């Protein structure tokens, strides 16, 4: 009823949307992994009379449910999607999207990692993002490669009309004590990558993590802190 939806409030298979700003929503879904349930976020950005989707809802059935929830709540077609790294909470559902007519995109690095690891593979390669600090425009957003962090390929997304920074899994929520799933992370470079985000987006008003509650710029420093302490 208006609060940001949480893991115990979303059954696995259902999707909720949350209005972040004019023409900007997050999507929230839940999924089981290794016998525990987790929430995860993505983004939806209005692109004239179409929508740009950032990240799947972590699985085929969740992503079908996402499309249905978008049709119910917004009613504009999703025409393009960008996945911000190669893990299943970002690309699982790309096959559903592609069969629904959504053009799916990711960096060449994400596409190679998804293919190698057996995850679903976005169709189109996003060039111009291979060096840390690179940025490219994609409809109503800017895509930014901050360097290795949660994964070597992680991208962040900025919505300049609303000063919304979607950090994806390179950014953790304020209540997080841990650095999340660090299986493919670079803990040594992660703080440097966060510093690049902080320098590049000093006017961000909302910061959205890949999992958990949005907040303000403090999520960036908090992420650096928790990663450094995990490494320690």
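Residue numbers count along the first chain shown, from 1.
Q: Mean CA temperature factor from the deposited coordinates, higher in 195-203 or in 176-184?
A: Result: 176-184.
Q: Could you check the entry and say whether 51-59 or 186-194 has the higher mean CA B-factor?
A: It is 186-194 that shows the higher mean C-alpha B-factor.
Q: Going by the entry, which of 108, 75, 93, 128 has the most elevated CA B factor?
A: Of the options given, 75 has the highest CA B-factor in the PDB entry.
Q: Considering only 123, 161, 84, 79, which residue's Cα atom bears the greatest B-factor as recorded?
A: Within the set 123, 161, 84, 79, 161 shows the top C-alpha B-factor.
Q: Using the B-factors in the PDB entry, rank residue 39's C-alpha atom against the chain and give the third, lowest, middle or highest.
A: Its C-alpha B-factor, which the entry lists for residue 39, ranks in the lowest third among residues of this chain.
Q: Among the modelled residues of this chain, does the Cα B factor of residue 10 put it in the lowest, middle or highest third?
A: Highest third of the chain for residue 10's C-alpha B-factor.
Q: Lowest, middle or highest third: which one holds residue 97 when the chain's residues are ordered by CA B-factor from the entry?
A: Middle third by C-alpha B-factor.
Q: Based on the deposited C-alpha B factors for this chain, I'd like to know if residue 103 is in the lowest, middle or highest third.
A: Ranked within chain, residue 103 CA B lands in the middle tercile.
Q: Taking the values exactly as deposited, rank residue 88 by C-alpha B-factor within its chain and report the matching third: lowest, middle or highest.
A: Lowest third of the chain for residue 88's C-alpha B-factor.
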